[PDB]
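Structure record follows, encoded as structure tokens.
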Amino acid sequence: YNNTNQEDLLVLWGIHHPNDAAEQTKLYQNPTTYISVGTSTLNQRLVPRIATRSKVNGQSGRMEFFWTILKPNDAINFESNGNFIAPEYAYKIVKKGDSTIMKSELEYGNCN
Amino acid sequence: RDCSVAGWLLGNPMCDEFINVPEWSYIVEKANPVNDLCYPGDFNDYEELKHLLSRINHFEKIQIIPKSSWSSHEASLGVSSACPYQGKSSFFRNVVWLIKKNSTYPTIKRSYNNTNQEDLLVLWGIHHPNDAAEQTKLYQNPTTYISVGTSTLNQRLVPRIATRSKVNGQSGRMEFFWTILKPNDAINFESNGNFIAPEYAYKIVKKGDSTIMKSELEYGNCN
Amino acid sequence: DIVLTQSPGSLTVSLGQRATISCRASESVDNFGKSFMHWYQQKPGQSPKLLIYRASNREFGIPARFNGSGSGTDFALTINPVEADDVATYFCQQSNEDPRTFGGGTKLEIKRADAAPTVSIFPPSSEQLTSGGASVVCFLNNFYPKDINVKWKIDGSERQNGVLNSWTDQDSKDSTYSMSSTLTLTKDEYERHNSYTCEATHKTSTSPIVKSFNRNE
Amino acid sequence: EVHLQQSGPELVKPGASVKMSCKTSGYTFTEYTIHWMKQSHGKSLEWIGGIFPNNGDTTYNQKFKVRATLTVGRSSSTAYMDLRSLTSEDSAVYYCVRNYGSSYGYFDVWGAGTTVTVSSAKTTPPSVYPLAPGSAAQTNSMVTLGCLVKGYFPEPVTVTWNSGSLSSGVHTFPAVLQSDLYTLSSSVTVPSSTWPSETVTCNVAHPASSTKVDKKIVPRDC
Ligand SMILES: *[C@@H]1O[C@H](CO)[C@@H](O[C@@H]2O[C@H](CO)[C@@H](O[C@H]3O[C@H](CO[C@H]4O[C@H](CO)[C@@H](O)[C@H](O)[C@@H]4O)[C@@H](O)[C@H](O[C@H]4O[C@H](CO)[C@@H](O)[C@H](O)[C@@H]4O)[C@@H]3O)[C@H](O)[C@H]2NC(C)=O)[C@H](O)[C@H]1NC(C)=O
Ligand SMILES: *[C@@H]1O[C@H](CO)[C@@H](O[C@@H]2O[C@H](CO)[C@@H](O[C@H]3O[C@H](CO[C@H]4O[C@H](CO)[C@@H](O)[C@H](O)[C@@H]4O)[C@@H](O)[C@H](O[C@H]4O[C@H](CO)[C@@H](O)[C@H](O)[C@@H]4O)[C@@H]3O)[C@H](O)[C@H]2NC(C)=O)[C@H](O)[C@H]1NC(C)=O
Ligand SMILES: *[C@@H]1O[C@H](CO)[C@@H](O[C@@H]2O[C@H](CO)[C@@H](O[C@H]3O[C@H](CO)[C@@H](O)[C@H](O)[C@@H]3O)[C@H](O)[C@H]2NC(C)=O)[C@H](O)[C@H]1NC(C)=O
Ligand SMILES: *[C@@H]1O[C@H](CO)[C@@H](O[C@@H]2O[C@H](CO)[C@@H](O)[C@H](O)[C@H]2NC(C)=O)[C@H](O)[C@H]1NC(C)=O
Ligand SMILES: *[C@@H]1O[C@H](CO)[C@@H](O[C@@H]2O[C@H](CO)[C@@H](O)[C@H](O)[C@H]2NC(C)=O)[C@H](O)[C@H]1NC(C)=O
Ligand SMILES: *[C@@H]1O[C@H](CO)[C@@H](O)[C@H](O)[C@H]1NC(C)=O
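Spelled out as structure tokens, the structure:
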């Protein structure tokens with residue numbers, strides 16, 4: 070994807086770490102895989118990692134997500150061979166400024 | 120001037136003025152030095168190294184692996200349009216871009232022992248190519264690695280392939296690494312491809328207070 | 244002015260030993276905690292060269308044999324071990340305070356094995372003689388110690404008038420001096436004699452080394 | 055590299071003025087102060103002055119304040135010095151030198167040396183005479199050969215043997231003053247077998263008169 074926009078772009082993607090060679094081969098075919106990602110700055114080659122792990126929400130597999138900021142007029146290049154969790158949507162940074170992430174259990178109060 | 124701290128230490132061709140500097144009091148670096156990593160890439164723990172410089176007042180540059188000593192590899196073919204010197208496209212002066220001789224790339228096994236009295240700053244690198252084709256065109260062996268060892272270091276670098284946007288005309292990337300080799304200790308490299316080997320390294324001749332100032336200004340003839 | 248006075252003026256030291264040249268400043272050259280003294284080396288027949296800055300640290304590409312030392316009013320350049328290519332005049336100069344002032348300078352000489360002068364006598368050129376003058380040249384190459392004594396004899400009788408001597412500096416490579424010794428006459432003054440001699444008296448030979456030639460052969 | 059190329063040796067009538075130049079190369083002209091040093095023939099070094107290119111600020115010695123004038127051509131990357139109304143006093147060698155940092159700095163890169171000769175005397179081309187050994191005498195294993203340069207002004211001259219390829223047994227002696235002219239001699243030493251078989255030519259050059267001469271050592275015709 071090439072960032073023909075005028076503003077910075079937040080791109081997300083992921084890799085699947087399966088339970089065993091079986092599931093690897095069940096879902097993807099190729100037993101030895103990789104995900105390569107490149108930008109003007111990024112040089113990532115992710116490799117799925119197999120290991121036997123406790124279930125969490127019923128899954129012993131794991132999902133590992135990554136991200137980068139893709140400058141305007143620059144492109145991001147994926148290549149992959151398996152276990153790729155590909156982007157569909159990404160985020161334009163439309164305006165920048167002061168904010169914060171508050172930790173509170175409360176909800177909106179209709180006030181100012 | 121227009122060199123960066125990286126540019127200087129690796130010896131970007133455009134930074135030749137700084138090939139061999141006398142003791143200094145502080146370093147001054149512009150916000151965005153034009154002459155930095157002419158060949159695009161990355162400089163590992165670059166900030167941690169800069170931090171080390173904040174405590175050093177003098178380097179004396181020494182040769183630890185002569186360029187001429189590379190018998191079974193081409194050392195003079197290791198050059199790039201991304202690093203023009205004056206027309207004739209060039210490369211970082213302090214490291215060699217080794218490349219296949221005849222059709223082949225023998226396992227390199229080289230080592231330097233620090234017979235000096237002072238700590239030694241050693242630099243080297245790895246080449247990340249565009250594709251298996253370019254990998255095989257320049258080195259031969261398709262599955263490569265660089266291993267480096269000290270009394271403290273246990274590094275095995277492995278080239279990483281990916282399709283990337285051009286920067287200074289190169290879709291390839293160069294990734295440099297470093298270590299401090301204590302006196303009486305040795306560093307052992309081994310590699311089989313994609314190795315960017317040391318030629319020159321830096322003796323930490325004297326240590327003391329200094330800093331890396333960010334200023335656009337130049338020397339004022341004053342005290 | 245900070246008058247800089249080096250001592251000694253000339254120093255002859257044996258090969259492989261220690262040369263120790265001193266500097267003395269009229270007032271101190273030493274604030275900010277550092278000494279602003281510099282040592283310079285002038286190998287014969289060429290411009291001076293930078294050895295030591297701020298009295299103690301070697302300039303890049305200078306062998307460790309050079310020991311910069313000192314503080315305040317007096318300093319010292321120590322060359323040890325002394326090598327062959329160290330024949331030079333050494334200068335200390337201060338930067339502590341304009342106007343920049345230098346030392347007198349100290350000339351260093353190497354003591355080596357007494358060598359004997361390779362004498363060789365030459366008759367005047369025919370081309371020169373057609374021009375009207377005679378010139379008897381007599382080289383005395385590669386010797387040590389420096390001191391030598393050339394005598395000219397024309398038909399047994401000595402002569403000084405017309406003589407021009409010229410020594411080279413101690414050679415940086417073998418530590419041996421050389422000497423020219425021309426004797427100029429006019430064609431007619433020349434053609435009124437026969438034998439031209441060149442008696443060199445060295446400490447090497449206890450008897451004078453001679454080389455001569457006769458006019459008509 | 056840090057090379058400083060300076061002007062060629064010069065001659066000035068007493069009372070006149072000289073302007074020797076020093077051309078900088080290999081570093082940034084505008085980062086360091088350039089200075090001038092005078093050396094009275096084989097004696098002592100004297101500091102003349104300094105100038106910082108980037109803005110042209112000058113710093114002089116008491117002694118030279120009047121007679122000297124440092125100037126700088128920034129586009130030219132060149133430093134100049136000018137000596138006005140000369141005397142025998144100023145006959146000596148002048149070095150264009152780069153000083154490292156400021157008022158408290160060391161002179162790290164010294165130029166060649168422009169050598170100035172102040173005399174009313176006229177420019178005089180030399181005369182070269184070959185020196186073949188006596189017809190009946192031979193120095194044993196090695197034969198000494200020669201070349202004689204007489205009656206020229208002003209200094210200097212360059213003496214070479216076989217256009218320079220012979221650089222071994224060679225001694226070129228310093229010139230001397232004879233009837234207000236300079237005179238010097240050279241001595242090439244080759245193995246007895248090589249001569250007269252080997253072409254031994256003496257190559258002498260005197261810039262000041264645009265003269266270049268060659269003399270071949272012919273054995274004693276007897
Ligand atoms: C993501 O998409 C972007 C837009 O789709 C890409 O941006 C584009 O970059 C390319 C180069 O990478 C630009 O292509 C050509 O640009 C100029 C065209 O003229 C321009 O430059 C002049 C000065 O040089 C200006 O005065 C003009 O007004 C104008 O802006 C040319 O110099 C080149 O064309 C020539 O060279 C190529 C060889 O590379 C030949 O193939 C051509 O035939 C020709 O001979 C440049 O190629 C392009 O202008 C630019 N797009 C825009 C809108 O500015 C971006 O590169 C891309 N990123 C990635 C990573 O893919
Ligand atoms: C980089 O090079 C350096 C210099 O070449 C290396 O430093 C050297 O380390 C080695 C050991 O690795 C030392 O070798 C021997 O040391 C002593 C020799 O005598 C010493 O001890 C005396 C007091 O006991 C001192 O007074 C002396 O001055 C001297 O220093 C011996 O004790 C050893 O011999 C025995 O041990 C070895 C096993 O290591 C056996 O193989 C022998 O047969 C024997 O049984 C050491 O061999 C050496 O002294 C030291 N160099 C210096 C100058 O001190 C450095 O190790 C090297 N680094 C790397 C990573 O290679
Ligand atoms: C470039 O690579 C070539 C392939 O590896 C290599 O060819 C080889 O050349 C050597 C000698 O130069 C040969 O060695 C043997 O050859 C014969 C036959 O066995 C014997 O007489 C010899 O003594 C020796 O044992 C190789 O056989 C030969 N290999 C091939 C496949 O032809 C070139 O030499 C390399 N080029 C350079 C300049 O080194
Ligand atoms: C913040 O507090 C002030 C004062 O407590 C509020 O101002 C009052 O506003 C009410 C109606 O909104 C008036 O009846 C009062 O007379 C005002 N008080 C004064 C002193 O002027 C203000 O509204 C509060 N702000 C918010 C956002 O709640
Ligand atoms: C620091 O400031 C002082 C005070 O102005 C400077 O020294 C004075 O001004 C000139 C400069 O040498 C002298 O003629 C005066 O006599 C000095 N007066 C005193 C009281 O010292 C000094 O030069 C400045 N230092 C620097 C490094 O710029
Ligand atoms: C210089 O000489 C001093 C005094 O003798 C000595 O202590 C010092 O070690 C010497 N410096 C070097 C670098 O050898």
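Residue numbers (this note's numbering), protein chains in the order written: chain A, 70 to 181; chain B, 120 to 342; chain C, 244 to 460; chain D, 55 to 276.
Beta carbons: idealized from backbone N, C-alpha and C, even for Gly.
Please compile the residues from chain D whose C-beta is within a distance smaller than 9 Å of the C-beta of residue i.
i: B:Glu-337; result: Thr-82, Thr-84, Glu-85, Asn-108
i: B:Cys-341; result: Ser-156, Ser-157
i: B:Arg-120; result: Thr-82, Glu-85
Run down chain C in chain order and give the residues with a C-beta less than 7 Å from the C-beta of residue i.
i: B:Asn-213; result: Within 7 Å Cβ-Cβ: nothing; B:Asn-213 doesn't reach chain C, min ~15 Å.
i: B:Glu-237; result: Chain C residues near B:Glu-237: none, gap ~13 Å exceeds 7 Å.
Looking at C-alpha atoms only, which residue of the options is the closest neighbour of residue i?
i: B:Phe-162; options: B:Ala-305, B:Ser-334, B:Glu-294; result: B:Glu-294
i: C:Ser-415; options: C:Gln-289, C:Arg-261, C:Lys-396, C:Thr-316; result: C:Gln-289
i: C:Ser-450; options: C:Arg-297, C:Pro-360, C:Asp-244; result: C:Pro-360
i: B:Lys-186; options: B:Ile-245, B:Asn-221, B:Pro-317, B:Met-133; result: B:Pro-317
i: A:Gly-127; options: A:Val-116, A:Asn-88, A:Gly-83; result: A:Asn-88
i: C:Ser-363; options: C:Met-422, C:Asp-390, C:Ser-374; result: C:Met-422
i: D:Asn-109; options: D:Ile-102, D:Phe-83, D:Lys-117, D:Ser-98; result: D:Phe-83
i: C:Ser-378; options: C:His-445, C:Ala-307, C:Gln-284, C:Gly-405; result: C:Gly-405
i: B:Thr-223; options: B:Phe-211, B:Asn-260, B:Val-324, B:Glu-337; result: B:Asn-260
i: D:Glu-64; options: D:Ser-145, D:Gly-223, D:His-57; result: D:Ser-145
i: C:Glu-434; options: C:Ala-358, C:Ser-299, C:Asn-457; result: C:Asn-457
i: D:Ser-217; options: D:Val-267, D:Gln-232, D:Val-147; result: D:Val-267
i: A:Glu-76; options: A:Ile-138, A:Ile-170, A:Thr-121, A:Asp-167; result: A:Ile-138
Would the beta-carbon of residue i be found less than 7 Å away from any heavy atom of ligand 8?
i: C:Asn-310; result: Ligands present in the displayed structure are limited to ligand 1, ligand 2, ligand 3, ligand 4, ligand 5 and ligand 6, and ligand 8 is not among them.
Please list the partners that residue i has in chain C, where partner means a Cβ-to-Cβ separation under 9 Å.
i: D:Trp-101; result: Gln-336, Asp-341, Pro-342, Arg-343, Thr-344, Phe-345
i: D:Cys-76; result: Those within 9 Å of D:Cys-76 in chain C number zero; the least Cβ separation is about 12 Å.
Anything in chain D within Cβ reach of residue i, meaning under 8 Å, just list it in chain order.
i: B:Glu-294; result: Here the premise fails: no neighbours, minimum Cβ distance about 31 Å.
Is the shortest distance between the beta-carbon of residue i and the beta-carbons of chain F less than 8 Å?
i: B:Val-241; result: Structure shown: chain F not included; protein chains present are A, B, C and D.
So which residues on chain B does residue i lean against when the C-beta distance must stay under 9 Å?
i: C:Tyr-296; result: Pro-141, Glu-142
Output, in chain order, the set of chain A residues within a Cβ distance shorter than 7 Å of residue i.
i: B:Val-286; result: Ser-109
key: Those runs of the beta strand (DSSP E) which lie wholly inside the stretch 220-294 of chain B and span at least 3 residues   = 227-232, 239-247, 265-268, 273-276
request  = Just list the beta strand (DSSP E) runs in the stretch 72-97 of chain D, keeping only unbroken ones of 3 residues or longer that don't cross its boundaries, in chain order.
outcome  = 88-93
inquiry  = Under 8 Å: do the stretch 346-362 of chain C and the stretch 250-263 of chain C share three or more Cβ pairs, one atom per stretch?
reply    = yes
query = Which of the residues in the stretch 138-153 of chain B, read from start to end, lie with their CB under 9 Å from any CB of chain C?
reply = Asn-139, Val-140, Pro-141, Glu-142
Sufficient close CB pairs (3 or more, under 8 Å) joining the stretch 310-329 of chain C to the stretch 90-107 of chain D = no
ask   = Can you list the beta strand (DSSP E) stretches of 3 or more residues lying completely in the stretch 143-191 of chain D, in chain order?
value = 147-153, 161-164, 168-171, 182-185
request  = Quick one: which residues of the stretch 203-230 of chain D get their C-beta closer than 9 Å to a C-beta of chain C? List them in chain order.
outcome  = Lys-204, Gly-223, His-225, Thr-226, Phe-227, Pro-228, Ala-229, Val-230
Touch test, the stretch 259-273 of chain D against the stretch 434-442 of chain C, Cβ-Cβ under 8 Å, three pairs minimum = no
inquiry  = I want to know whether the stretch 268-287 of chain C touches the stretch 152-172 of chain B - three or more CB-CB distances under 8 Å.
reply    = no
query = Where are the beta strand (DSSP E) runs, 3 residues long or more, that stay fully inside the stretch 316-372 of chain C, in chain order?
reply = 317-322, 332-337, 349-354, 361-365
request  = With 9 Å as the C-beta to C-beta threshold (strictly closer), list the residues of the stretch 157-172 of chain D near chain C in chain order.
outcome  = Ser-157, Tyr-158, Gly-159, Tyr-160, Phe-161, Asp-162, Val-163, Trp-164, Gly-165, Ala-166, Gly-167
task = Entirely within the stretch 382-407 of chain C and at least 3 residues each: give me those beta strand (DSSP E) ranges in chain order.
result = 393-397, 400-402
query = For the stretch 258-284 of chain B, which residues have a CB atom closer than 8 Å to at least one CB atom of chain A, in sequence order?
reply = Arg-279, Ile-280, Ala-281, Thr-282, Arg-283, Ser-284
ask   = What residues in the stretch 323-353 of chain C have a beta carbon less than 9 Å from any beta carbon of chain D?
value = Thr-332, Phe-334, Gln-336, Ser-338, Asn-339, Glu-340, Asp-341, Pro-342, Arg-343, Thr-344, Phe-345, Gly-346, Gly-347, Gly-348
query = Which parts of the stretch 154-230 of chain B are runs of the alpha helix (DSSP H), unbroken and 4 residues or longer, counting only runs that do not cross its ends?
reply = 165-172
Under 8 Å (Cβ pairs) to chain C, residues found in the stretch 232-251 of chain D = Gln-232, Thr-237, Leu-238, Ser-239, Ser-241, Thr-243
query = When you check each C-beta in the stretch 140-155 of chain A against every C-beta of chain B, which residues fall closer than 9 Å?
reply = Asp-143, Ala-144, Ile-145, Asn-146, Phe-147, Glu-148
inquiry  = If contact is defined by three or more beta carbon pairs under 8 Å, each pair taking one atom from either stretch, is the stretch 124-135 of chain B in contact with the stretch 307-314 of chain B?
reply    = no
message = With three or more beta-carbon pairs closer than 8 Å as the criterion, would you say the stretch 195-203 of chain D touches the stretch 388-397 of chain C?
response = no
key: Sufficient close CB pairs (3 or more, under 8 Å) joining the stretch 63-78 of chain D to the stretch 378-391 of chain C   = no
inquiry  = Under 9 Å, CB to CB, which of the residues in the stretch 303-323 of chain C have a partner in chain B?
reply    = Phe-303, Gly-304
task = Answer yes if the stretch 422-432 of chain C comes into contact with the stretch 331-341 of chain C, meaning at least three C-beta pairs across the two stretches below 8 Å, and no otherwise.
result = no
message = Give me the subset of the stretch 162-194 of chain B whose CB atoms are less than 8 Å from a CB atom of chain D, sorted by chain position.
response = none
ask   = Relative to chain D, which residues along the stretch 386-404 of chain C have a C-beta separation below 8 Å, given in chain order?
value = none
task = Please confirm if the stretch 182-199 of chain B is in contact with the stretch 259-271 of chain C, defined as three or more CB-CB distances below 8 Å between the two stretches.
result = no
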